[PDB]
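Remarks on the structure that follows.
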Amino acid sequence: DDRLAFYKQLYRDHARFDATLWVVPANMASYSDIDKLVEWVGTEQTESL
Amino acid sequence: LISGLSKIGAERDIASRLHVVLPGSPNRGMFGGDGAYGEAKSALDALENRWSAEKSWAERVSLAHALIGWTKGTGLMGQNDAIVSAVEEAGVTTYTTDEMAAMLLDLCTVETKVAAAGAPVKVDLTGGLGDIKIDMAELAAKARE
Amino acid sequence: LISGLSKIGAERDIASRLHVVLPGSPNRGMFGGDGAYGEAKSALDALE
Amino acid sequence: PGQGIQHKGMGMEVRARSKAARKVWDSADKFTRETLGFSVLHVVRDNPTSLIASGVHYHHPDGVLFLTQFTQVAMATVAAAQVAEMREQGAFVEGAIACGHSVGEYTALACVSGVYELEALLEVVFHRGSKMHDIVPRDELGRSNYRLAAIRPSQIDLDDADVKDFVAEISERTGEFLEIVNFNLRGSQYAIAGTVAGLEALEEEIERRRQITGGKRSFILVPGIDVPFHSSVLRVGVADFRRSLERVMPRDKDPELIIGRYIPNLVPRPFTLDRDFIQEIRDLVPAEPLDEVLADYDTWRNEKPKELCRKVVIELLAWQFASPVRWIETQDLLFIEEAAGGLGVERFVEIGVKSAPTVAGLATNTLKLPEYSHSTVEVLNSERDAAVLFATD
């Protein structure tokens, strides 16, 4: 949360209109992460209730 | 990672070119004191060849090569901070993080974006550390020592 | 392999220089058709 | 058939088997990938949500395959590939009379008369889709003051003249806009667009007129159509599309394959190049290239006929945007031509795979009510009846 709070501080300062920020846990050393991350980055943009 | 986003772009069928800024290390071979940056990032010239070889990668990914010069952080470079003034006495420029960030955005401008679409762009963001005659065997080690 | 024979030479204490001929690929960058040799052996300049 | 029955992975089974289907799809998919930066194969195979194209951004909460710029392209390619396979097996008869409903008409001409390239077909059709989106005014929410509604005149004693009457009255009375958009089936299917209040007032009328209605019978409102197209409101944007057609539809084409075989929408009666026919067009659709040709028919010299057919064909397709599609007359016309040319056995085949049951079911119910004469007729669908099409059994 100390890293999480920082990006919130950084966003609430430098954010303009139309601006959307996304923070995620990520490990570039893991091939699984890379595949799973972009599989997340590339799918839908949809929220099913 | 480049291949991954290339698949998504091809599968979901976009002609949009992803601009990948390649964080190249400044001026390989003229510094012996870095020990990490200088050697590792010289194969980025070979990576630019892979894009110049592979034909179908053009539409998905554009390679923007940036050589990131001397840039002062507190944590890693806390030893290097004192001699920043010393290296700058050779008529060379060392950069703050905000300065280098600005140099990276300028590559993200519309003008330089289209330039990357036509052909790989190699940018030297270094402060002239290339023609530097400063001996790293001393002025680096001594700085670190 | 170079490090290995360097240890033996240092441990058994010889000043003799082992001459390692590095099988570099010819003229990197001016051929696009090899596909293997040209790219791999350019880091031998970094090994020097 | 027209749009709206399209499904995910439609005719994708045929692509894996037939060679003719692959050539149609791949030549089409390659062009779209290079020029517009997207693939129709992917859209059909798995239905996405949002897509960004060359100059345009398309977003749908459900699917892009159900978006018209895509849907029309998918539908056109699905049918064009299926006919090509039917042609490879030679099952296509030399005297076949062909027609289409809305967007299906472009595929009709493509398959039978080869009036354009596979890539040429998907150009017009794609642009025609993109043209259909920007035509009508919207709100901040993308709302429309208009809509479409499907009428069934049956279940009560009411006629086509009775429907036309009641609609014409409430159109003049309220001062609102109410238009019969589609004449589909004789006593069965009719489509109506105009002001939503007009659609509501018309719904209300038949509920009052029909003595048995507790459930608002005979009236189905159309979801998703916000444009009162095929009414008097759309005639503006033709000239730009009329030029677009002439660009993608050149002058080297087969006159005979179209003539007598092809039934336009704007013109319910079969294509033939004659002073009589060209006049019927002008009457329904006043036009500059047409009115001159009618003025001097003394241009009789033999260089003209193909050049005449080439413009008449384009005039019908360009103004098909405006004029109501007449499916009733299209069906009835087939009866008129047969009866005068002999009534012997006919086979009615619908192509485009999963779109095939629709206009066949439209024909089936039509084969019942006016056609009660006890005729031997075969209704066949590409989706359902394929064993009968290829005769394998």
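Don't worry about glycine lacking a Cβ; one is built from the backbone with ideal geometry, like all the others, and counts go over all protein chains shown. Rule-based calculations on the coordinates, nothing more; no lab input.
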- Within region B:80-104, which residues are in contact (Cβ under 8 Å) with a residue 24 or more places away in the chain and among the aliphatic types (A, V, I, L, M)? B:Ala82, B:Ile83, B:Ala86, B:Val87, B:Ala90, B:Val92, B:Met100, B:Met103, B:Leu104
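If you go through region B:93-105, how many residues are surrounded by 13 or more Cβ atoms within 10 Å (Cβ to Cβ) and within 16 Å of B:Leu22 (Cβ to Cβ)? Break it down stepwise before answering.
Within region B:93-105, the first condition is being surrounded by 13 or more Cβ atoms within 10 Å (Cβ to Cβ), and the residues that meet it are B:93-95, B:99-100, B:103-104.
The next check asks that each one be within 16 Å of B:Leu22 (Cβ to Cβ); those that pass are B:100, B:103-104.
Matching residues across region B:93-105 total 3.
Out of everything in region D:294-320 that is touching a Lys or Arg at 6+ places or on another chain (Cβ under 8 Å) and among the hydrophobic types (A, V, I, L, M, F, W, C), what residue ends up being surrounded by the fewest Cβ atoms within 10 Å (Cβ to Cβ)? Spell out how you get there, then give the answer.
Step one: of region D:294-320, the residues touching a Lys or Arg at 6+ places or on another chain (Cβ under 8 Å) are D:294, D:297, D:306-307, D:309-310, D:313-315, D:318-319.
When the remaining residues are screened for being among the hydrophobic types (A, V, I, L, M, F, W, C), the result is D:294, D:309, D:313-314, D:318-319.
Values: D:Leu294: 14, D:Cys309: 20, D:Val313: 23, D:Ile314: 21, D:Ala318: 23, D:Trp319: 24.
Among residues in region D:294-320 that are touching a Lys or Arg at 6+ places or on another chain (Cβ under 8 Å) and among the hydrophobic types (A, V, I, L, M, F, W, C), the one surrounded by the fewest Cβ atoms within 10 Å (Cβ to Cβ) is D:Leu294.
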- Message: If C:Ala43 meets every condition in (1) in a loop (DSSP other than H, G, I, E, B); (2) small (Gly, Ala, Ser); (3) closer than 25 Å to B:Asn27 by Cα apart from one, which number is that one?
- Response: (1)
- Item | In region B:44-60, residue surrounded by the fewest Cβ atoms within 10 Å (Cβ to Cβ) [restricted to those that are within 14 Å of chain C (Cβ to nearest Cβ), acidic (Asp, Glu) and over 12 Å from the mean Cα position of the chain (by Cα)] | B:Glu54
- Item | Close pairs (7 angstrom Cβ cut-off, 6 or more residues apart or separate chains): farther than 13 Å from D:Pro250 by Cβ in region D:104-123, among the β-branched types (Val, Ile, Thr) and outside any helix (DSSP H, G or I) anywhere | D:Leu109/D:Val115
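Of all residues in region D:214-244, which are assigned to a loop (DSSP other than H, G, I, E, B) and small (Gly, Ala, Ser)?
D:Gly214, D:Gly215, D:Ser218, D:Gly224, D:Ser231, D:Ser232, listed by residue number.
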- Residues in region D:281-321 that are closer than 23 Å to D:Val103 by Cβ and of a type outside the set (A, V, I, L, M) total 7
- Search region B:1-14 for residues being within 26 Å of the chain's Cα centre (by Cα) and small (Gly, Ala, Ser), and hand back the single one that is surrounded by the fewest Cβ atoms within 10 Å (Cβ to Cβ). B:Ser3
- Item | Residue in region B:78-92 that is nearest to the chain's Cα centre (by Cα), counting only those that are outside any helix (DSSP H, G or I) and surrounded by 14 or more Cβ atoms within 10 Å (Cβ to Cβ) | B:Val92
- Message: Looking at region D:105-117 only, could you name the residues that are surrounded by fewer than 21 Cβ atoms within 10 Å (Cβ to Cβ) and outside any loop (DSSP other than H, G, I, E, B)?
- Response: D:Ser113
- Message: Can you tell me which residue is farthest from D:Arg235 (Cα to Cα) among those in region D:135-162 that are in a strand (DSSP E or B) and of a type outside the set (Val, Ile, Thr)?
- Response: D:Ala150
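For region D:22-34, indicate whether the set of residues that are outside any helix (DSSP H, G or I) and touching a residue at least 40 places away in the same chain (Cβ under 8 Å) is non-empty.
Going residue by residue through region D:22-34, those that are outside any helix (DSSP H, G or I) are none.
No: zero hits.
Every residue, every condition in (1) surrounded by fewer than 16 Cβ atoms within 10 Å (Cβ to Cβ); (2) among the charged types (D, E, K, R); (3) touching a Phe, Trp or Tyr at 6+ places or on another chain (Cβ under 9 Å); (4) at positive phi, yes or no:
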{"residue": "D:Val44", "(1), (2), (3), (4)": "no, no, yes, no"}
{"residue": "D:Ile52", "(1), (2), (3), (4)": "no, no, yes, no"}
{"residue": "D:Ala79", "(1), (2), (3), (4)": "no, no, no, no"}
{"residue": "D:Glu88", "(1), (2), (3), (4)": "yes, yes, no, no"}
{"residue": "D:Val103", "(1), (2), (3), (4)": "no, no, no, no"}
{"residue": "D:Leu121", "(1), (2), (3), (4)": "no, no, yes, no"}
- Residue, nearest to the chain's Cα centre (by Cα), within region D:214-224, restricted to residues that are surrounded by fewer than 19 Cβ atoms within 10 Å (Cβ to Cβ) and in contact (Cβ under 8 Å) with a residue 40 or more places away in the chain: D:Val222
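Among the residues of region A:15-32, are any in a helix (DSSP H, G or I) and either within 21 Å of B:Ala10 (Cβ to Cβ) or touching a residue at least 60 places away in the same chain (Cβ under 8 Å) (or both)? Working first, answer last.
In the first step, residues of region A:15-32 are kept if they are in a helix (DSSP H, G or I); the result is A:31-32.
After this cut, where a residue has to be either within 21 Å of B:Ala10 (Cβ to Cβ) or touching a residue at least 60 places away in the same chain (Cβ under 8 Å) (or both) as well, the list is A:31.
Within region A:15-32, one or more residues are in a helix (DSSP H, G or I) and either within 21 Å of B:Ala10 (Cβ to Cβ) or touching a residue at least 60 places away in the same chain (Cβ under 8 Å) (or both).
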- Mind listing whichever residues of region B:46-74 are touching a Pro at 6+ places or on another chain (Cβ under 7 Å), assigned to a loop (DSSP other than H, G, I, E, B) and among the small types (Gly, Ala, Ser)? B:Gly69
- Query: Restricting attention to region D:245-303, and to residues there that are assigned to a loop (DSSP other than H, G, I, E, B), under 30 Å from D:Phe92 (Cα atoms) and of a type in the set (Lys, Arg), which single residue is farthest from the chain's Cα centre (by Cα)?
  - Reply: D:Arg251
- Query: What single numbered condition from (1) of a type in the set (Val, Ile, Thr); (2) part of a loop (DSSP other than H, G, I, E, B); (3) within 14 Å of chain B (Cβ to nearest Cβ) fails to hold for D:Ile5?
  - Reply: (3)
- Query: Which number in (1) loosely packed, with under 10 Cβ neighbours inside 10 Å; (2) in contact with an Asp or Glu (Cβ under 7 Å, 6 or more places away or on another chain) marks the one condition that A:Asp2 misses?
  - Reply: (2)
- Message: Against the definition (in contact with a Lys or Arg (Cβ under 9 Å, 6 or more places away or on another chain), within 26 Å of D:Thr366 (Cα to Cα) and either surrounded by 15 or more Cβ atoms within 10 Å (Cβ to Cβ) or of a type in the set (D, E, K, R) (or both)), how does D:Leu199 come out, yes or no?
- Response: yes
- How many residues does region B:1-43 contain that are away from every other protein chain (no Cβ under 12 Å) and of a type outside the set (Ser, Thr, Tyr)? 15
- Query: Restricting attention to region A:24-49, which residues are of a type in the set (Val, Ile, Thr) and either more than 10 Å from chain B (Cβ to nearest Cβ) or surrounded by fewer than 10 Cβ atoms within 10 Å (Cβ to Cβ) (or both)?
  - Reply: A:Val24, A:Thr46
- Got a number for residues in region D:8-66 being farther than 30 Å from A:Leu49 by Cα, away from chain B (no Cβ under 11 Å) and among the hydrophobic types (A, V, I, L, M, F, W, C)? 9
- Query: Does B:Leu63 satisfy the criteria of being under 28 Å from C:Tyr37 (Cβ atoms), touching a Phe, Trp or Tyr at 6+ places or on another chain (Cβ under 9 Å), more than 14 Å from every other protein chain (Cβ to nearest Cβ) and in contact (Cβ under 8 Å) with a residue 24 or more places away in the chain?
  - Reply: yes
